[PDB]
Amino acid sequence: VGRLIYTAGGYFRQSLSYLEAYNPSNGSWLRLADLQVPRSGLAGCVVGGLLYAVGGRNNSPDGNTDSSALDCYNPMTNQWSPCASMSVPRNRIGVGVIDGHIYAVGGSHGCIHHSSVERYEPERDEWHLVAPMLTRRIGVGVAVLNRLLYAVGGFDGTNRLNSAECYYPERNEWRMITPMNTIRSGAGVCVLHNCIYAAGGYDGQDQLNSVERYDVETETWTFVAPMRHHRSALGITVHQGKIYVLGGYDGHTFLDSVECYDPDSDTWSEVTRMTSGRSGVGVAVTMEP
């Protein structure tokens, strides 16, 4: 009991500093302490009950600055604290957590498209580079299942990608997995039961409502019910066995829609609206303040 869906940052006209938390048990939203620096294209994650905001870019009136930052929000204090910065700025980053360690994957720095990957140790407040991916990927979706890290889709600067790869920590090695059926960058990628889901994104021509899932045993990708709304640069998380997608861009509107996927019925429903439409958020779940 008591867990909220936290959304940090995002983009609407400029990068945003908002931190807001949704309570699925009562439909309420809380506005919490703003990020110290506005950021879009970031990722969120949780370790030890603390919320982390990783990477991104500050698109502001005065400039566009890619972020190497890691910042930590403690729901007990409603305060953000800086942590050690990454080796490199990473906008349009993907993040996953393995056994209490944060992996920062890919992303962009100016015209540079990273294949590099680094790992944060919260107790030591240190980052260290690990093996790079086999592919340069920005707008990459990342998720962790069974202590293996998956990097899904993205953009290498020339083509959006249907490819995906898996990192095996004990060997510090990446291997390609079966590619998705659809090219996607800026998809929401998460884990639910024994599958990696890729929802939405941009294929180079259109924002997508399709959703497909990779079964890590059978190595297949299967489409599930599509979302009601096409969206790229959406936030995603999982809570109590359901997927939540937040915001994004549909080619017309920065969406405020939050949809929820029930795997038992293979259906999506609209569960709430964010307080304002935005794309490029970071999202994670932890205890309420």
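All residue numbers refer to positions in the sequence shown, first residue = 1.
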Entry-level comparison of average CA B-factors, 133-141 and 151-159, reporting the higher stretch: 151-159
Mean temperature factor over C-alpha atoms, higher-scoring stretch between 22-30 and 218-226: 22-30
Highest-ranked of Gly63, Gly235, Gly44, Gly56 once sorted by CA temperature factor in the record: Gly63
Highest-ranked of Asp203, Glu118, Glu212, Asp71 once sorted by CA temperature factor in the record: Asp203
Chain-wide C-alpha B factor ranking for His128, given as lowest, middle or highest third: middle
Third of the chain, ranked by Cα B-factor, where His193 sits: highest
Ranked C-alpha temperature factor of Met76 among modelled chain residues, by third: highest
Third of the chain's Cα B-factor distribution that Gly110 belongs to, per the entry: middle
Cα B factor band for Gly94 (lowest, middle or highest third within the chain): lowest
